[PDB]
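Here you get one chain, nothing else, as structure tokens; it is the form deposited in one PDB entry.
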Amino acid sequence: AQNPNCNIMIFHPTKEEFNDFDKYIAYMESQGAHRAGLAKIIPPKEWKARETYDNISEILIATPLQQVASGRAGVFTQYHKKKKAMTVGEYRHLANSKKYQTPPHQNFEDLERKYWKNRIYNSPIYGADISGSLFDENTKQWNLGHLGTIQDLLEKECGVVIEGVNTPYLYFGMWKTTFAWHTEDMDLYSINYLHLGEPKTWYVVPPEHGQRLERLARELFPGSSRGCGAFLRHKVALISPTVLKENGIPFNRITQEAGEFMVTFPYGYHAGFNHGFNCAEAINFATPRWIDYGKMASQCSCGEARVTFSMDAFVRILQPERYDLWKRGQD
């Protein structure tokens, strides 16, 4: 069995190996990459996402979110307070202001310590889930707006044509902006490209151990758990590496830098934080190996998680018994 310790693997494809996305994902899995839940892909030196980032300041962040924490330093929830619209240029200036800028630090480990010690005492502002792309249309390899769609994949594997579309999203981050512990909708893959700026630190639990994380989360968030059997789908719960280690949960950590891709694999729970002003682009995708995970994915039926249009068909076709209850939670 390849990668039996479930370590995060890092790949360096050549330009020839960068031509066929599906083939290279399947190659990574042949080496056991999926067992970690997360892999890093460093693109060939010949590749670029676009020519420059000099012309992005006029992108609008229609609904910036202030991430307000409740709890203790290693175990907290966050809610998202809506703020007034601002441009990427205005947000960048805000990120770099004294109130929000990254503090002086020695290295990534020192910044991680500072994050976990101090995150709860501040409320950083995040631009999330902005439909759009920063890939040049003439970038032909690993262009996140030109991947095969999940609806086409389900049709190819299972024979059923379904409605829906699959497009990328942009994320504008600052110091302390946080992504809570979650798997993807319908336990899909994700791919994330850090276009510019400061790093992103990731934490991940191997898919084969995901239920260990869920059990700890029910213990640490007992009211949330009573409310919803799939409350991690709400994307609000944080648990520090120190707390995970105290509870014997298997996990790994890695820092993504500008110009690097990350792939999350089906049922790989992940969380993390941004180091300073940055911009990432991400999209969900599927492969033949996803289908069996999609059929078994938990679902939030309490009202809180309330998802993409295009999730309807995946629940309807892969999870017909759950469909009626799930849909009641969407109305």
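C-alpha atoms forming the largest set that superposes within 1.5 Å between two forms make up the rigid core. Don't overthink the numbering: it's just position in the shown sequence, from 1.
The following text describes the form solved in complex with a partner chain, which does not appear among the structures shown.
Practice item. Please determine, with the chain shown alone, which of 195 to 203, 97 to 105, 79 to 87, 217 to 225 has non-hydrogen atoms within 4.5 Å of its partner chain in the bound PDB entry. Key: Going through the listed ranges, the match is 79 to 87.
Practice item. Could you work out which of 211, 131, 118, 242 is the residue within 4.5 angstroms of its partner chain in the bound PDB entry, going by heavy atoms? Key: Selected residue: 131.
Check your understanding: Since exactly one of 231, 175, 126, 261 fits, which has a heavy atom within 4.5 Å of its partner chain in the bound PDB entry?
Key -> Contact with its partner chain in the bound PDB entry is made by 126 alone.
Check your understanding: Using heavy atoms and a 4.5 Å limit, would one call residue 111 a contact residue for its partner chain in the bound PDB entry?
Key -> No.
Check your understanding: How about residue 91: is it within 4.5 Å of its partner chain in the bound PDB entry, going by heavy atoms?
Key -> Judged by the heavy-atom cut-off of 4.5 Å, residue 91 is well away from its partner chain in the bound PDB entry.
Point to revise | residue 144: touches its partner chain in the bound PDB entry, heavy atom cutoff 4.5 angstroms | key: Contact with its partner chain, no.
Review point. Heavy atoms within 4.5 Å of its partner chain in the bound PDB entry: does residue 75 have any?
Key: No.
Exercise for review: Determine, with the core as the superposition reference, the one member of 258, 180, 162, 243 that shifts its CA by 2 Å or more between the shown form and the other one.
Suggested key: Correct option: 162.
Exercise for review: Determine whether the C-alpha of residue 153 shifts by 2 Å or more between the shown form and the other one once the rigid core is superposed.
Suggested key: Passes the 2 Å threshold, so yes.
Check your understanding: Is there a C-alpha shift of 2 Å or more at residue 48 between the shown form and the other one once the rigid core is superposed?
Key -> It does not, since the residue 48 C-alpha is displaced less than 2 Å between the shown form and the other one after the core fit.
Practice item. State yes or no: after fitting on the rigid core, is the Cα displacement of residue 18 between the shown form and the other one at least 2 Å? Key: No, the C-alpha position differs by under 2 Å between the shown form and the other one.
Check your understanding: Quick one: residue 315 and residue 26 C-alpha atoms, closer or farther in the bound PDB entry compared with this form (3 angstroms or more)?
Key -> Residues converge in the bound PDB entry, at least 3 Å closer.
Exercise for review: Would you mind telling me if residue 314 and residue 22 are closer or farther apart in the bound PDB entry than in the shown form, C-alpha to C-alpha, with a 3 Å or larger change?
Suggested key: It is closer: the C-alpha separation of residue 314 and residue 22 falls by at least 3 Å in the bound PDB entry.
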